[PDB]
Each structure stands twice: as C-alpha cells, then as structure tokens.
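Two separate entries follow, structure 1 and structure 2, each one form of the same protein chain as structure tokens.
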Structure 1
C-alpha cells in the first residue's frame, strides 16, 4: 500500500481507547515450551530450552512490532534497529508480566515454570534470575494491569533504540520526531488508563513515573543478560547465529 508521511501516521489519529485496543490486538500468541521432561536438567539443556522458546517468540515479536501503531511508518532500516536494540528487554518484560502471580518463580511458558534454584544450574544466571524475580514482584506490588503492560512494552520498542539513531541524515531527524510523537501518544494513553481507574492527578503522575523508572531497570537487566548470553555462546550452550549478526552489522 501507500507509505504515509509522518504527519499522516495512523498512530496520531488514534484515541486513547483505540491505542489500547490496537496494542491488545497486536499481543502475540501464548507459546508452550516443546521439551522432553525426562531429559537431565543441565546448563546445556536449560539454555537449550530457553533458546528454543526465545527463537519462537522472536518470530512473533516481529509481527507484533509491525502492528504497534507508529512502527511501520519508520524506514525498514530503523525498524530493524529498534528490534535489535530492544528484543531482550521485550522478552524480559513479557516474562516478568507472566510471572507476576507466581512469587518466587519465572513463568517462561505455561508449562515451564522455573525457580531461582534452577537458575543456579546455569553459571552466571542466578543474579539475572533474582533481578527478574524482583521486577515481577514490583509489578505485582504495583498491581500492573494488562492495558498498562502493553503500553510499557510498546514504549520499550520505540525508546530503546531511538537514541542510537545518530542524527547523521535528515531522515533520522524525521524518524526521531515521529518516535517522540508516538511516545507522547502512548503516555497520553497510560494517563487515560490511570484516570479511568480513578487515580487522582498526583497519583497518575507518580504511577507513570514509577512505571517508567522500572524501564530503566529492565534495560539494565537486558544489558547484563546480553553479557551473560555472550558467555553462554563461548560455551556453546547458546547459538551465536553469527551470520545473522554480521548481516545486521553490515
């Protein structure tokens, strides 16, 4: 079809209710882990299970991202770089959302619930597990709602890579301005949700701030996770997919 100019992005013409509806409708399928439960539970086998789930979720992630209002207005290059930036943060926020109602455990999939002591089966994992558990506990304590969750997940996609567009082209400035406007609309939607829930104005701003501050922790977890995943690739417990990496690099 026709690629609209940024001022004619569908994102900017959505009401708050329509933005929520769009984000809920984009939400990817629940996946079940496919595994043999009789296999001995080792570092290699655990990381293999998690890799297989990650690979399947990433397929659905791409289709989800394309359905996030504002995303497809970006160049294909900028789209890919948002995803390359955010993919682990997006996996992690999903995981902590899914795990909210299971204190002490991470619900990687409905049929794959792991506790922090299984995290110790993978060297370097338990520290990240504990951070994920703490984030899930914080979401539980804040009573994070599904409509808020989908807004936060879309914010991670749009925000985690915008600052590593380098402003070396005029197009980059247009892309940055567009992302800003979409992020403003998602903020309006988050406030709309909180106002409808009955929060006072002060409470609305405090809650928004607390939710956005958690995003900085999610970023931190992603960075530590990438460092951990690199170590796992050296041990040949996680694939390197180096040809995809050199693809993305060139």
Structure 2
C-alpha cells in the first residue's frame, strides 16, 4: 500500500505514527554519579524502544518486509532514531539537551560519564543546525523514517534479498518525493528545493557518526544494547 501514497498521504501517515513523549524517572537523586545518570538514560531509552517498534510498524512499507529484515533495520538504526528525536526535542532549548520534559541537561552535566561530553557537543551542534535550517516537523518525520530504512539496507545471496532492497529503495524514493513536495508547497524554488534536500540528507551522515561514537564509547567502559531476540520479540507483539 505504501507505494500508492501520494505525498500528502505519506506525511499524514508519518505524523500520526509519531511516538509519545516520555518522562524521565521522577525526582531521582541529583546531582548524578556516572552510574545513576546512565541508569536514568538507560531506563528512558528502554521505554522509548517499545514505542519505536510501534512507530516502525506504521512507517509505510516497513511491515511489507520480513520480520528478520525488520529487526535488522532496527538494530542498525535504533540509536540514530533516539538521537534525532533528542535533537528535535532540543531545538528550542539552545545549549541544552531535552532528554525528557523533566530531564533537561546542560553541557557540563555530560561530563559525569567519561567521554559522553563529546557526544553531547555533537548533539548540541546538530540541534543548532536544525534550528538554523528551521527544520519543519513534517521534514523531521520524513528524515526519521529515512534513517530507519536507509541505515541497514546496505548490509542485507537469494533473490528474495534483492526484492526487499528494491522495495526499500522504492520507499526511500517516495519519501524523497514527499520531502520535495513539502518544499514546493512551502514556496521554495527548484534550486532551493534541491539544495535543502541535500543539506537535510548530509546531516544524516553526521547522525550516523554520532551513533557510531555513542556505541564506541559505551563499549569502552554493552549488554544495555538491545538484542536481536528482544527487538524480534517486541516486533511479534
């Protein structure tokens, strides 16, 4: 059904699929230690993951994939999705990261965990870049769906496999069409439309980078990462 959506139907589907805003655990002891703060973020992240599978099942075209390739895309994308959501929540709070409405952290609180100030600096800079470009909500939900479909597609010798990759790349093309259509409705010229598209997609490489760093530093300290069976369990419900 996904490839039959017009642009505006794609936007509506994605908007209505949006996950809820969750709160951090209430009145934790502050200030934080390294362990306690990581406990809070791990607890929030784990609760956001249930809602991210609900959201992914509603991304047009996702369900058409085999459960195996659904899990694979979520394994590859889950941190990038958590991170772009964090950056979007944080746009209107310059200098700060809004992990939850009750958990707004300034730069110097990232120092609690050993090398998580560097990722904080990267998330803040991305939020400024979104604020500069005046990223629109309809653009964000498109970008977040691109992350889900694109991040894992390149590491899927059966003929079945080529069919899903083509189906991926067809949905991605449709979300590209959708992004362009929103820009044209906004009133951007063709040249501005092309430049803004590239410039939203180029930011995705940095979000990949941040995600890879996040994992990397995490390890240099592991089991907290969600397992295949866990993602696959949650999917089957």
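Shifts are known only where both forms have a C-alpha. Rigid core here is just the name for the largest C-alpha set that superposes within 1.5 Å across the two forms. Residue numbers count along the first chain shown, from 1.
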Exceeds or equals 2 Å, Cα of residue 37 between structures 1 and 2, core fit: yes
Residue 240 C-alpha relocation of at least 2 Å between structures 1 and 2, rigid core basis: yes
Between structures 1 and 2, C-alpha offset at residue 129 (rigid core aligned, Å): 0.3
Rigid-core superposition between structures 1 and 2, with residue runs of at least 3 whose C-alphas all shift by 2 Å or more: 35-40, 235-250
